[PDB]
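One structure below.
Read from first to last, the chains carry the letters A, B, C, D, E and F; within each, the first residue is number 1.
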């Protein structure tokens, strides 16, 4: 059971994690690019939490935020942050809260002008094996 | 197992909860906002109950009600009311009753304005603070 | 396990229940109203039974019947009839029978109606009738009643 | 586990049942009428059997057959034929055979000019409790 | 557990069955005719095997083959070949290979003419007779 | 449990397999040709890995790569590489990453290509290479090769 965090400028979550205080604890996420290219929103799920009233507001106003950063960190003896997705000039495009007597979930989508992806390689001994980083100005349709 | 309540002006439920007497006991609910913005109906499910004949009536007439308030309350030793969604100038847009031998009703609401309050819980289980936003959907303005 | 009954004027079922003799025993049902308003057919499922050949006939002719009454009754020690849906000026709009060798033969049926009344019966502490909440509407005439 | 039979004029099945010799043994079936009225095909499933090559032929040619009769008969100590659906002037509109290493099924549809439905009521003692029969000339849009 | 074989002219499989050497072993299949008549492709599934590279080629070229023959054979003590479907002037219309770590390929065929033979089994498990029909789909005539 | 590998020129994976070092370990894949002919993208799934940031980049730029080779190898005592699909002049048309707290992070990727070759390796009785059946096609040029 790995940890997934999302840090959205101006929209705090309620994580108690030492390295990700006040970020949003993410249950799951997905994203898509299709063939210039068609870049879909990134979508994530979290519990209804401290971020939710602000996520609602930004969805309605459409106001941009500077940056959102998504991180996946492996669980266990060697807890590496192995994937980091950095989104610049972000819009909250969709919010879908729900609740049940038997559970509170809220599904959120984000669009962004630029993106950067960093992946860290872990070796069998658990240390850093290398790293790959790429980035792209989607709005400007240019490599960065 | 948390409790969810909905208080609709002019349409009583039959809850026996001390702090929510005659409100509607909600089984589940969902809502959506999409990118001015497209705000979807809020939908909830409840058992067929004392509210149902009036929900049917309002669905048919289209008459507005002043306010509906949805509350989620945590279960357990510290039963905190941590989410409050206040809907102003409400229409009953849809009612979908059903029953089986082996009985539930799905209802949708639309509203001119909305307020969402999340109540932050402190380490002792009490109120530590809140985050609150509101919006005039009809007028397309922050409030 | 609650009981659900449907009484359709001129189309008997084969229920043996004392208070609902010759009515249709309903397995399940559903209905919908959408925003003047759009009122959908009411749909129910029952076993292929004595009603089925007449339901077929009425589906084909389109002939109206005066009234259909749907009732749900709680199971157990206090069998309260807690929901009564009365549909006036009714058409059989859909019939969908089926069967399988591996038991079960069922039929899905839909109804349309000019007027509707919904009564919910409130239960008292002794399990008896404590009162009711009732509403009604002339759908065809688009008026509250 | 009840028995279901279909007797199609000119298209024999391979049933060994005393009362339904050479009829088609039916696995399941369904039918539909919608609001003059829109009468859908009746559809049934059977194993690929002696009828299948003829069902294929009639589906391709579109030649009519005089009559098809579907019967459901209860299983057990009191085996009543409680539902009989009689279809007149029948067309084979669809045939969908399939097979598997893990099974042979074939789905068939029928359309018809006229229909008759007979239902027999069974009492708790297992005997005949009464009967209801209706019929309709669909092509002519008239009660019969 | 019955056996299903497909013999396609010019496209060998790798079956080791004595009576169907070098034919394709079929996992499942289906076909459809709808109401002159609309005859759909016949579709079958097999493991990725020796046929696959040629199935890919014919799918791409659209070149016809003379004949494909599908046979179902009963399992057990009396392994009767009870269904034979003969397809004449065949096109490979579709190939859908796939594989997973935890490998199958779906193929579709179209044809100008068809013959279906069902072999009737006698009480001793032998051939008791047959029912046979055929049709020129392309020419829209019985044969 | 068989192994599936994909070698994409200029986009390394992180496989540790001796005969497929730094290739992409594939969880599953599928492809389609329909009736000149309509050749669909090949789609595969892999874990989010060293390839992923480059796959994203190439999806966005649309830049071609020379070749991608997909291989399936039987598991067990005789690990035969029995299927080899060689795709020439390749575009990354689709990337779909996802992750969940409850383990697993996976990514679905699609490829398009101008030419294709499919080799199936026939296995001999000893489990070794007995031969092959091989075909190839210039999809862009619409010609058999």
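What to note about this one:
Keep this in mind: a residue touches a chain if its C-beta (ideal position, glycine included) is under 8 Å from a C-beta of that chain, and two chains touch if they have at least 3 such contacts.
In UniProt terms, the chains line up like this: A, B, C, D, E, F = Hcp1 family type VI secretion system effector.
Counting steps between touching chains, the shortest path from subunit E to subunit F takes 1. Between subunit D and subunit F, the centres computed from C-alpha atoms are 50 Å apart. One simple way to say how far apart two chains are is to compare their mean CA positions; for subunit C and subunit D this gives 29 Å. Counting partners per residue, subunit D has no residue that reaches two or more other chains.
A ring topology is adopted by the chain contact network, closed into one cycle in which each chain touches exactly two others. Chains in contact form a single ring whose order, set by starting at subunit A and proceeding to subunit F, is A, F, E, D, C, B. Of all residues in subunit D, those touching subunit C in their complex are 1-4, 26-37, 39, 72, 75, 83, 115, 117-119, 121, 129-130, 132-134, 136, 138, 143. The residues of subunit C lying in touch with subunit D in their complex are 14, 48-50, 52-54, 56-57, 59-62, 91, 93-103, 105, 112.
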